[PDB]
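J.:
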Amino acid sequence: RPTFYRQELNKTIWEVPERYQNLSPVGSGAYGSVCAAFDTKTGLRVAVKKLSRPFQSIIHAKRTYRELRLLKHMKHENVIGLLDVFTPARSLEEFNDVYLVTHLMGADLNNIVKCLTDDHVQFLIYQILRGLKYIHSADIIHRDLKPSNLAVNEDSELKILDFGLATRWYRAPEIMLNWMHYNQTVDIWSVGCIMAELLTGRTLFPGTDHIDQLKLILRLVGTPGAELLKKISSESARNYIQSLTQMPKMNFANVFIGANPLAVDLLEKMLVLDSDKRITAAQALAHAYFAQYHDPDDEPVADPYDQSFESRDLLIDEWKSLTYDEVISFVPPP
Ligand SMILES: O=c1cc(C(F)(F)F)c2c(-c3cccc(C(F)(F)F)c3)n[nH]c2[nH]1
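Numbered according to the UniProt record's numbering, the sequence shown spans residues 5 to 119, 122 to 172, 185 to 352.
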């Protein structure tokens, strides 16, 4: 056990081992607090997230467990992964705080949209796909892909954060409609919204609520055709969709006027209404538009990921304790 030490950071008390010096705040919400820090052990500058109220309820105890499990598993250069996880507690008894350490990045991909040429787009969307491809392959849906959770370095290396746990502007139509069985291509939808915005400077679907959000989607990709109408289970949804004014599928080359044609082509493939026909992350990597970056032996997939716990209803002391085992078994990466 290393030697810890204490300090007050704004509202919160922080108790981090001595290897992290010069804590400084960076942002905080109901995620927890994040500080910037120096890691003496590795020379790296890191982000340290102190979780807010890790075990208030059954749903926070599960959230905490899930998030430790996700971070422990992600090892890929376009996806955040865990440098360290630690607590001040020295037994299960006194365990009430969990800290996660990851590579610092602070800028997010919005902090760029308000500053975006063609090759900059290519490199940025190719990286997101290369990380979705890894993510999807362990059988995980990000579910909330959006500019603010895509972090970029000063040399424009990109990493996905906040995966698996979950702004309406980037959600697929099927989620707006509440479909309970959506597949991984909801993430590819959002990628489609994000590349649009980068090439043009504008939000593609700045819906002002969820009905609006959908009006604006169907305006570009058209109302459902019969092949798709026939796969909708839900009475009420079928009825919703089918009761709007019929809208034709727009020509993307008009709407994206003078974008690279290759880029317009990819969009047209990401933004298919029918989620069964949307391109996949692995197939999009092979698309013409990443001609300059695509390499099939440098686009790895993930180890299997045991998500069997998502269907367990456990006590608050049980997730707490499963988390604890996970903090303990943590083997730092090389
Ligand atoms: O019970 C359901 C409910 C839905 C729900 F998405 F519509 F809600 C669906 C969908 C589905 C998929 C993609 C896009 C759409 C669209 F946005 F075009 F309407 C619907 N496929 N199958 C369903 N079965």
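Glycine is no exception: its CB is placed at the ideal position from the N, C-alpha and C atoms.
Please list the segments of the alpha helix (DSSP H) lying wholly inside the stretch 7 to 70, counting only runs of 4 or more residues, in order along the chain.
T.: DSSP runs (the alpha helix (DSSP H)) wholly in the stretch 7 to 70: none.
J.: On the three-state DSSP scale, how would you describe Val-158?
T.: The residue labelled residue 158 in the question sits at position 152 within the sequence shown. Three-state result, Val-158: strand.
J.: Run through the stretch 185 to 232 for me and flag every whole beta strand (DSSP E) of 3 or more residues, listed as ranges in chain order.
T.: Within the stretch 185 to 232, no complete beta strand (DSSP E) run reaches 3 residues.
J.: Which residue wins for smallest C-alpha separation from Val-319, given the options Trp-337, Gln-60, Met-78, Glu-22?
T.: Walking along the sequence shown from the start, residue 319 turns up at place 301. Comparing Cα positions, the closest option is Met-78.
J.: Assign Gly-33 to buried or exposed, taking buried as 16 or more other Cβ atoms, counted over all protein chains shown, within 10 Å of its Cβ.
T.: As a first step, residue 33 must be located in the sequence shown, where it is residue number 29. Exposed, since its Cβ has fewer than 16 Cβ neighbours within 10 Å.
J.: Quick one: grab the DSSP three-state call for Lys-165.
T.: Numbered from its first residue, the sequence shown carries residue 165 at position 159. Looking at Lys-165 - three-state DSSP - the assignment turns out to be strand.
J.: Just curious, the alpha helix (DSSP H) that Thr-341 is in, first and last residue?
T.: As a first step, residue 341 is located in the sequence shown; it is residue number 323 there, counting from the start. That run of the alpha helix (DSSP H) goes 334 to 346.
J.: Output the boundary residues of the beta strand (DSSP E) element that contains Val-89.
T.: On the sequence shown, residue 89 is found 85 positions in, with the first residue counted as 1. Counting along the chain, the beta strand (DSSP E) containing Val-89 begins and ends at 88 to 90.
J.: Quick test of the definition: if touching needs 3 or more C-beta pairs under 8 Å, does the stretch 148 to 165 touch the stretch 332 to 339?
T.: The stretch 148 to 165, when compared against the stretch 332 to 339, does not touch it at the 8 Å Cβ threshold.
J.: I want to check one thing, is the minimum distance from the CB of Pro-242 to the heavy atoms of ligand 1 below 6 Å?
T.: Against the sequence shown, residue 242 aligns to sequence position 224. Yes; taking the cut-off as 6 Å, the Cβ of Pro-242 has a heavy atom of ligand 1 nearer than that.
J.: Less than 6 Å separating the Cβ of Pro-21 from some heavy atom of ligand 1?
T.: Here the question's residue 21 lines up with position 17 in the sequence shown. Checking every heavy atom of ligand 1 against the Cβ of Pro-21, none is found closer than 6 Å.
J.: DSSP three-state label for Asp-316, please.
T.: Indexing the sequence shown from 1 puts residue 316 at position 298. The answer is coil: DSSP assigns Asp-316 none of H, G, I, E or B.
J.: Compute the minimum distance between the beta carbon of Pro-191 and the heavy atoms of ligand 1, and state whether it is under 6 Å.
T.: The residue labelled residue 191 in the question sits at position 173 within the sequence shown. Because some heavy atom of ligand 1 lies under 6 Å away, the Cβ of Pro-191 counts as near it: yes.
J.: Exposed or buried, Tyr-188, counting other C-beta atoms within 10 Å across all chains shown (16 or more means buried)?
T.: Mapped onto the sequence shown, residue 188 falls at position 170. Label assigned to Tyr-188: buried.
J.: Can you confirm whether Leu-236, when its beta carbon is compared against all beta carbons of chain D, has any partner nearer than 7 Å?
T.: In the structure shown, chain D cannot be found, because there is only a single protein chain.
J.: Give the straight-line distance between the Cα atoms of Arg-220 and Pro-322, rounded to the nearest whole angstrom.
T.: Locating residue 220 in the sequence shown gives position 202, counting from the first residue. Locating residue 322 in the sequence shown gives position 304, counting from the first residue. Their Cα atoms are separated by approximately 38 Å.
J.: Give a yes or no on contact between the stretch 49 to 67 and the stretch 123 to 139, applying the rule of three or more CB pairs nearer than 8 Å.
T.: The answer is no - the stretch 123 to 139 does not touch the stretch 49 to 67, with fewer than three Cβ pairs under 8 Å.
J.: The beta strand (DSSP E) that contains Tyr-103, what's its start and end?
T.: For the purposes of this step, residue 103 is identified with residue 99 of the sequence shown, where counting begins at 1. From DSSP, the beta strand (DSSP E) with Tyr-103 extends over 103 to 107.
J.: Anyone know if the C-beta pair for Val-89 and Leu-104 falls short of 7 Å?
T.: Reading the sequence shown from its first residue, position 85 is the one you call residue 89. Reading the sequence shown from its first residue, position 100 is the one you call residue 104. In this structure, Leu-104 lies closer than 7 Å to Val-89 by Cβ.
J.: My output table needs one value for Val-349: the three-state DSSP class, helix, strand or coil.
T.: As a working note, residue 349 is residue 331 in the sequence shown. Here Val-349 sits in coil by DSSP.
J.: Once you ignore the five residues that flank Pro-266 on each side, which residues in its own chain have a CB closer than 7 Å to its CB?
T.: In the sequence shown, the residue the question calls residue 266 occupies position 248. Result list for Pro-266: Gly-240, in chain order.
J.: Count the C-beta pairs between the stretch 332 to 351 and the stretch 53 to 72 that are closer than 8 Å, then say yes if the count reaches three, no if not.
T.: At 8 Å Cβ cutoff, the stretches touch.
J.: Once you ignore the five residues that flank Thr-46 on each side, which residues in its own chain have a CB closer than 8 Å to its CB?
T.: The count along the sequence shown starts at 1 and reaches residue 46 at position 42. Here the set comprises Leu-87.
J.: Please report the distance separating the alpha-carbon of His-107 from that of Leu-48.
T.: Taking the first residue of the sequence shown as position 1, residue 107 is located at position 103. Taking the first residue of the sequence shown as position 1, residue 48 is located at position 44. Those two C-alpha atoms are separated by around 8 Å.
J.: Looking at ligand 1, does it come within less than 6 Å of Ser-251, judged from the CB to the closest heavy atom?
T.: Within the sequence shown, numbered from 1, the residue matching residue 251 stands at position 233. Yes, ligand 1 has a heavy atom inside 6 Å of this Cβ.
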